[PDB]
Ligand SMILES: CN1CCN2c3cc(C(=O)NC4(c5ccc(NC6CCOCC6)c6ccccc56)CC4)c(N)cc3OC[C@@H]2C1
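Only one chain is included here, represented as structure tokens and corresponding to the form solved without the ligand.
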């Protein structure tokens, strides 16, 4: 009977001393077992494993609490999905493009590249320590844990088509957006005026128009009575807003916005590019960089900087 000492963990901070029998698999001893994303469930302990840290599933009460405190989930499959993703994302390249961490194209990750690029241009603090820790490493160029977490939080596998608006929506649920406030006003000529106050995630996202200006002036929407009503922004308190719409030809003017997502293709299949406004317009497509004075393209998402807005109307 040969034994080695290893450490189990769910958070890669708190370690649990285990003595493993080298005659049985990790699976027979701990259940599903991963070594930096690699599934070692059906492998037997090698000598070179002595003193290494394995991720295991939260199989007792201490690990359930460690896992919850670090990731803010009790989804039974979360760590499996994280590990499975990490195994791929640690193989991706993360070049610095114009001082932002991007991702070299692989495994249909264009929506993640534009998400990662967007997150480095907006004021956002994550609540789950997993996201805080991984984001800090992502800003510095080691984005593999962050990208695998986005996949695990969003319940996406590597290779699956993602939507940038849906992805941002999940990440925003795990961000401190409690100070964010939006007041809308809906004028129908029959039904009269109706104010609505939105907080948190619903205060920074809108689907229907790409234009922050048009949202301030009013957009037409159908009222329950059947008339077109005008919905306009009365008050905005957020460090950013995100305007989203189905992809349409739209002209981005330098200095009028922070960054945007371009989508070419259809519902089922397509590609994202990222446009950022700096000294001029840069298009980032994974590792690729071009610039222009003006940009026209099928835009789906535009991010604007904000502090406080109050309507004059």
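Numbering follows the first chain given and starts at 1.
Two stretches are in play, 272-280 and 44-52, and the higher mean C-alpha B-factor belongs to 44-52. Remark: stretch with higher mean C-alpha B factor among 186-194 and 72-80 is 186-194. As recorded in the entry, 220 carries the highest CA temperature factor of 220, 169, 132, 102.
Annotation for residue 10: C-alpha temperature factor in the lowest third relative to the rest of the modelled chain, per the entry. Compared with the other modelled residues of the chain, the Cα B-factor recorded for residue 288 ranks in the middle third. When the modelled residues of the chain are ordered by their C-alpha B factor, residue 97 lands in the middle third.
Among all modelled residues in this chain, the alpha-carbon of residue 33 has a temperature factor (C-alpha) in the middle third. Among the modelled residues of the chain, residue 128 sits in the lowest third by CA temperature factor in this PDB entry.
A second form of this protein, the form solved in complex with the ligand, is not displayed here; the remarks below concern that form.
Think of it this way: in the bound PDB entry, the ligand has a heavy atom of just one of 95, 162, 80, 218 within 4.5 Å, and the residue is 162. Contact with the ligand in the bound PDB entry, judged as any non-hydrogen atom within 4.5 angstroms, is confined among 136-144, 115-123, 153-161, 95-103 to 153-161. Contact check for residue 247: a heavy atom falls within 4.5 Å of the ligand in the bound PDB entry. When the ligand is considered in the bound PDB entry, residue 48 lies well away from it, no heavy atom lying within 4.5 Å. Taking the partner from the other structure, the ligand in the bound PDB entry has a heavy atom within 4.5 Å of a heavy atom of residue 272. Within 4.5 Å of any heavy atom of the ligand in the bound PDB entry lies no heavy atom of residue 26. Scanning 266-284 for heavy atoms within 4.5 Å of the ligand in the bound PDB entry gives 266, 267, 268, 272 in sequence order.
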